[PDB]
Amino acid sequence: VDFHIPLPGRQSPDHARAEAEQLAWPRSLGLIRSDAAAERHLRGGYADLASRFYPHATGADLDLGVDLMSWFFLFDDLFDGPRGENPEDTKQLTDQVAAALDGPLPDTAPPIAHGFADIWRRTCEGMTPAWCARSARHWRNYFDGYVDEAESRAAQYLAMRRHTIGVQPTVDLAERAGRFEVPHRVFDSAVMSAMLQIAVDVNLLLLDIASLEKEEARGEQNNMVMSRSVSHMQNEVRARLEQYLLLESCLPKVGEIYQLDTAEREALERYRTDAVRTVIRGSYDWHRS
């Protein structure tokens, strides 16, 4: 599926290691129990993914992203059954996990939940408060959507799987890992927001053509396709990136506009290249077909 993402692909020089100790965390958290589930997990190349979403994270930082990614797919597995077919139900879990953004949870709490909590802890630990509060809301929306999606008892779809995809939490993570924050003043910008929306959509599209042969065979008929549709999807991605660049260029000017500091300007730059860009190129540098 030849696309048009005029952006350099990166991988964190540490992944070497990372991908090797990747099981450690989840096994201890109870997310992986049988030697089979560990294998299953390895075949997913989640550490390999995180390493592409966070080229700038080396070791202790990279590891976290590996987990977030790692946790992402495990968590999803929990809704592949009939639970993903009844909103009331999914939310029963949703809140147990999401409760971690409020404070410690009773041991009684499932592992998938204790798992998320440990990620959060380390993720939000060391960032400004205003940030965690934001980075959290985002998570909140992620969770919210899994329910709204479970409301299954064209563009209408995006709004739906716009929060479910979980792209933002990932992007957020780039900052978590990169030990830096985009000047909050700009992350709210009409431009940056526009840039982010794209990152999402692009991912939300690439994914749909890869997990197609699977979703086409089974039920789930919400996938963006349901050979021509493929085209205006390959096309849509083109224009999406094509514009991404246009936006990217207005960035410096956006700097003036928000009287951006002598060093906030550098911070934002990190965001463009290490958070928003990667999250796009990386998704692509993963698939096959």
# chains A, B, ... in the order shown; residues from 1 in each chain; ligands from 1
>>> residues_around(residues="residue 173 in chain A", least_positions_apart="2", cutoff="8 Å", atoms="only C-alpha atoms", output="PyMOL selection string")
chain A and resi 65+123+169-171+175-177+275
>>> residues_around(residues="residue 8 in chain A", least_positions_apart="6", cutoff="10 Å", atoms="only C-alpha atoms", output="ChimeraX atom specification")
/A:273,277-278,281-282,285
>>> write_last_selection(atoms="C-alpha atoms", output="compact mmCIF listing (two decimals), in the first residue's frame")
# COMPACT_ATOMS: atom_id res chain seq x y z
CA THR A 273 9.66 16.12 15.30
CA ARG A 277 5.76 13.40 13.38
CA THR A 278 6.94 10.07 14.70
CA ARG A 281 5.70 7.81 10.34
CA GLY A 282 5.96 5.09 12.95
CA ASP A 285 6.90 1.81 9.48
>>> closest_residue(among="A:7, A:142, A:112, A:286", to="residue 45 in chain A", atoms="only C-alpha atoms")
A:286
>>> residues_around(residues="range 72-77 of chain A", least_positions_apart="3", cutoff="12 Å", atoms="only C-alpha atoms", output="PyMOL selection string")
chain A and resi 26-27+29-32+37-38+40-47+49-50+65-69+80-84+90+93-94+97-98+110-116+119+139+142-143+146+164-167+169-170
>>> write_last_selection(atoms="N, CA and C atoms", output="compact mmCIF listing (two decimals), in the first residue's frame")
# COMPACT_ATOMS: atom_id res chain seq x y z
N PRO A 26 4.73 -6.65 32.18
CA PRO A 26 3.44 -7.35 32.19
C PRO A 26 3.37 -8.66 32.94
N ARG A 27 4.43 -9.46 32.91
CA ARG A 27 4.42 -10.74 33.61
C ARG A 27 4.22 -10.46 35.08
N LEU A 29 2.95 -7.79 36.39
CA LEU A 29 1.64 -7.18 36.60
C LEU A 29 0.47 -8.16 36.47
N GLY A 30 0.72 -9.34 35.94
CA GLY A 30 -0.36 -10.29 35.82
C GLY A 30 -1.09 -10.16 34.51
N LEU A 31 -0.57 -9.33 33.62
CA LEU A 31 -1.18 -9.15 32.30
C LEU A 31 -0.86 -10.36 31.40
N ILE A 32 0.26 -11.01 31.69
CA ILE A 32 0.69 -12.20 30.95
C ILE A 32 0.89 -13.29 31.99
N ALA A 37 0.78 -16.85 26.22
CA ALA A 37 0.33 -15.47 26.12
C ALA A 37 1.52 -14.54 25.95
N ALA A 38 2.67 -14.98 26.43
CA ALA A 38 3.91 -14.20 26.33
C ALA A 38 4.38 -14.26 24.89
N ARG A 40 2.46 -15.00 22.32
CA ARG A 40 1.45 -14.23 21.63
C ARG A 40 1.85 -12.77 21.66
N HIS A 41 2.24 -12.29 22.83
CA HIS A 41 2.62 -10.89 22.98
C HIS A 41 3.83 -10.51 22.15
N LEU A 42 4.85 -11.36 22.17
CA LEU A 42 6.06 -11.08 21.40
C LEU A 42 5.77 -10.91 19.92
N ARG A 43 4.97 -11.81 19.37
CA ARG A 43 4.63 -11.74 17.96
C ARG A 43 4.04 -10.39 17.57
N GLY A 44 3.52 -9.64 18.54
CA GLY A 44 2.95 -8.34 18.24
C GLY A 44 3.95 -7.23 17.95
N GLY A 45 5.21 -7.42 18.37
CA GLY A 45 6.24 -6.42 18.13
C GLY A 45 5.85 -5.05 18.65
N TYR A 46 5.39 -5.03 19.89
CA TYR A 46 4.94 -3.80 20.52
C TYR A 46 6.09 -2.93 20.99
N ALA A 47 7.17 -3.57 21.42
CA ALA A 47 8.34 -2.84 21.87
C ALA A 47 8.93 -2.22 20.62
N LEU A 49 7.35 -1.34 18.13
CA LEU A 49 6.50 -0.21 17.76
C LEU A 49 6.86 1.00 18.58
N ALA A 50 6.77 0.87 19.89
CA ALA A 50 7.08 1.97 20.76
C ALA A 50 8.42 2.59 20.37
N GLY A 65 7.18 3.64 27.26
CA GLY A 65 6.41 3.64 26.02
C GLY A 65 6.14 2.24 25.53
N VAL A 66 7.10 1.36 25.77
CA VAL A 66 6.95 -0.02 25.37
C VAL A 66 5.76 -0.58 26.12
N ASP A 67 5.66 -0.22 27.39
CA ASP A 67 4.56 -0.71 28.21
C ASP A 67 3.23 -0.12 27.78
N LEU A 68 3.20 1.19 27.59
CA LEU A 68 1.97 1.85 27.16
C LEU A 68 1.47 1.14 25.89
N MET A 69 2.38 0.91 24.96
CA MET A 69 2.04 0.23 23.72
C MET A 69 1.62 -1.17 24.09
N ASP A 80 -12.66 -7.98 22.97
CA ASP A 80 -12.86 -8.71 21.72
C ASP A 80 -14.03 -9.67 21.82
N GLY A 81 -14.37 -10.02 23.06
CA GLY A 81 -15.47 -10.94 23.28
C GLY A 81 -16.82 -10.24 23.32
N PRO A 82 -17.85 -10.90 23.87
CA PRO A 82 -19.19 -10.32 23.96
C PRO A 82 -19.25 -9.03 24.78
N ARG A 83 -18.21 -8.78 25.57
CA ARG A 83 -18.13 -7.57 26.39
C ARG A 83 -18.06 -6.35 25.46
N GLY A 84 -17.37 -6.50 24.34
CA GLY A 84 -17.27 -5.39 23.41
C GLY A 84 -18.59 -5.22 22.68
N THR A 90 -18.66 -3.16 29.24
CA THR A 90 -17.31 -2.63 29.03
C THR A 90 -17.02 -1.53 30.04
N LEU A 93 -15.68 -2.17 33.43
CA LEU A 93 -14.24 -2.35 33.49
C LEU A 93 -13.61 -0.98 33.31
N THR A 94 -14.01 -0.33 32.22
CA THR A 94 -13.55 1.01 31.85
C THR A 94 -13.29 1.92 33.05
N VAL A 97 -10.44 0.79 35.50
CA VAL A 97 -9.12 1.20 34.99
C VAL A 97 -8.99 2.71 35.13
N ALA A 98 -9.91 3.41 34.47
CA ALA A 98 -9.94 4.86 34.48
C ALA A 98 -9.91 5.47 35.88
N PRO A 110 -8.79 -5.25 39.10
CA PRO A 110 -8.21 -6.16 38.11
C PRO A 110 -6.76 -5.77 37.81
N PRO A 111 -6.00 -6.66 37.15
CA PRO A 111 -4.61 -6.36 36.82
C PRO A 111 -4.52 -5.33 35.69
N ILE A 112 -5.35 -5.51 34.67
CA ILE A 112 -5.37 -4.61 33.54
C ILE A 112 -5.45 -3.19 34.07
N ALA A 113 -6.12 -3.05 35.20
CA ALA A 113 -6.28 -1.74 35.82
C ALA A 113 -5.02 -1.38 36.60
N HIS A 114 -4.55 -2.29 37.45
CA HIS A 114 -3.35 -1.98 38.21
C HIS A 114 -2.23 -1.71 37.21
N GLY A 115 -2.35 -2.36 36.05
CA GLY A 115 -1.36 -2.20 35.00
C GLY A 115 -1.34 -0.79 34.48
N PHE A 116 -2.52 -0.29 34.12
CA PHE A 116 -2.64 1.07 33.61
C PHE A 116 -2.10 2.07 34.62
N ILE A 119 1.57 2.53 34.66
CA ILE A 119 2.03 3.27 33.50
C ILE A 119 1.87 4.73 33.87
N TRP A 139 -6.66 10.56 28.35
CA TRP A 139 -6.90 9.17 28.70
C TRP A 139 -8.41 8.98 28.92
N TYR A 142 -10.21 8.55 25.88
CA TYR A 142 -9.88 7.26 25.31
C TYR A 142 -10.90 6.29 25.85
N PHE A 143 -10.90 6.17 27.17
CA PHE A 143 -11.81 5.27 27.86
C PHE A 143 -13.26 5.55 27.49
N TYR A 146 -14.38 3.82 24.27
CA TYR A 146 -14.55 2.38 24.25
C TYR A 146 -15.99 2.01 24.56
N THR A 164 -11.29 6.28 20.13
CA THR A 164 -11.02 4.87 20.38
C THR A 164 -9.61 4.43 19.95
N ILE A 165 -9.16 4.95 18.81
CA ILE A 165 -7.85 4.60 18.28
C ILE A 165 -6.72 4.76 19.31
N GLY A 166 -6.84 5.75 20.20
CA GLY A 166 -5.84 5.96 21.23
C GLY A 166 -4.52 6.54 20.78
N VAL A 167 -4.57 7.35 19.73
CA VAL A 167 -3.38 7.97 19.17
C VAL A 167 -2.78 9.06 20.07
N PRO A 169 -2.99 9.62 23.43
CA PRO A 169 -2.26 9.16 24.61
C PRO A 169 -0.84 8.79 24.21
N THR A 170 -0.72 8.23 23.01
CA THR A 170 0.58 7.83 22.50
C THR A 170 1.42 9.08 22.30
>>> closest_residue(among="A:99, A:105, A:212, A:186", to="residue 256 in chain A", atoms="only C-alpha atoms")
A:186
>>> residues_around(residues="residue 284 in chain A", least_positions_apart="4", cutoff="8 Å", atoms="only C-alpha atoms", output="PyMOL selection string")
chain A and resi 203+206+280
>>> residues_around(residues="residue 182 in chain A", least_positions_apart="3", cutoff="8 Å", atoms="only C-alpha atoms", output="list in words")
residues 175, 186, 187, 264, 267, 268, 270 and 271 of chain A
>>> closest_residue(among="A:28, A:88, A:124, A:13", to="residue 100 in chain A", atoms="only C-alpha atoms")
A:124
>>> closest_residue(among="A:220, A:63, A:248, A:208", to="residue 152 in chain A", atoms="only C-alpha atoms")
A:220
>>> closest_residue(among="A:57, A:226, A:36, A:202", to="residue 12 in chain A", atoms="only C-alpha atoms")
A:57
>>> residues_around(residues="residue 243 in chain A", least_positions_apart="4", cutoff="12 Å", atoms="only C-alpha atoms", output="number ranges by chain")
A: 4-6, 191, 194-199, 202, 236-239, 247-250
>>> select_by_dssp(residues="range 74-158 of chain A", states="alpha helix (DSSP H)", output="JSON, numbers by chain")
{"A": [74, 75, 76, 77, 87, 88, 89, 90, 91, 92, 93, 94, 95, 96, 97, 98, 111, 112, 113, 114, 115, 116, 117, 118, 119, 120, 121, 122, 123, 124, 129, 130, 131, 132, 133, 134, 135, 136, 137, 138, 139, 140, 141, 142, 143, 144, 145, 146, 147, 148, 149, 155, 156, 157, 158]}
>>> write_last_selection(atoms="C-alpha atoms", output="compact mmCIF listing (two decimals), in the first residue's frame")
# COMPACT_ATOMS: atom_id res chain seq x y z
CA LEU A 74 -3.56 -6.22 26.07
CA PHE A 75 -6.32 -3.87 27.21
CA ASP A 76 -7.97 -4.12 23.84
CA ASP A 77 -7.95 -7.91 23.99
CA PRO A 87 -21.72 -0.93 26.60
CA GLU A 88 -22.95 -1.17 30.20
CA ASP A 89 -20.48 -4.04 30.59
CA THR A 90 -17.31 -2.63 29.03
CA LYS A 91 -17.78 0.52 31.09
CA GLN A 92 -17.89 -1.71 34.21
CA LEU A 93 -14.24 -2.35 33.49
CA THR A 94 -13.55 1.01 31.85
CA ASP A 95 -14.18 2.81 35.13
CA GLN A 96 -12.13 0.35 37.15
CA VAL A 97 -9.12 1.20 34.99
CA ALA A 98 -9.94 4.86 34.48
CA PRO A 111 -4.61 -6.36 36.82
CA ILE A 112 -5.37 -4.61 33.54
CA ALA A 113 -6.28 -1.74 35.82
CA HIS A 114 -3.35 -1.98 38.21
CA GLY A 115 -1.36 -2.20 35.00
CA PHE A 116 -2.64 1.07 33.61
CA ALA A 117 -2.02 2.74 36.96
CA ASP A 118 1.68 1.87 36.99
CA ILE A 119 2.03 3.27 33.50
CA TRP A 120 0.27 6.47 34.49
CA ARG A 121 2.35 6.82 37.67
CA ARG A 122 5.65 6.84 35.78
CA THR A 123 4.22 8.69 32.81
CA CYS A 124 2.79 11.67 34.66
CA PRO A 129 0.55 19.32 36.99
CA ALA A 130 -1.32 21.22 34.28
CA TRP A 131 0.11 18.60 31.94
CA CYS A 132 -0.98 15.47 33.82
CA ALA A 133 -4.42 17.02 34.14
CA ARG A 134 -4.44 17.40 30.34
CA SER A 135 -2.65 14.15 29.59
CA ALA A 136 -5.25 12.57 31.87
CA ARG A 137 -8.36 14.09 30.30
CA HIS A 138 -7.04 12.60 27.10
CA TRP A 139 -6.90 9.17 28.70
CA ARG A 140 -10.40 9.88 29.98
CA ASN A 141 -11.65 10.40 26.47
CA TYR A 142 -9.88 7.26 25.31
CA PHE A 143 -11.81 5.27 27.86
CA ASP A 144 -15.06 7.16 27.25
CA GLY A 145 -14.93 6.09 23.60
CA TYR A 146 -14.55 2.38 24.25
CA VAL A 147 -18.04 2.70 25.64
CA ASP A 148 -19.45 5.01 22.99
CA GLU A 149 -18.03 2.52 20.49
CA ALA A 155 -16.96 10.94 8.56
CA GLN A 156 -19.53 9.99 11.18
CA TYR A 157 -17.15 7.12 11.81
CA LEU A 158 -14.06 9.24 12.44
>>> closest_residue(among="A:174, A:190, A:279, A:160", to="residue 9 in chain A", atoms="only C-alpha atoms")
A:279
>>> residues_around(residues="residue 1 in chain A", least_positions_apart="6", cutoff="12 Å", atoms="only C-alpha atoms", output="PyMOL selection string")
chain A and resi 205-210+227+230-231+233-235+237+284-285+287-289
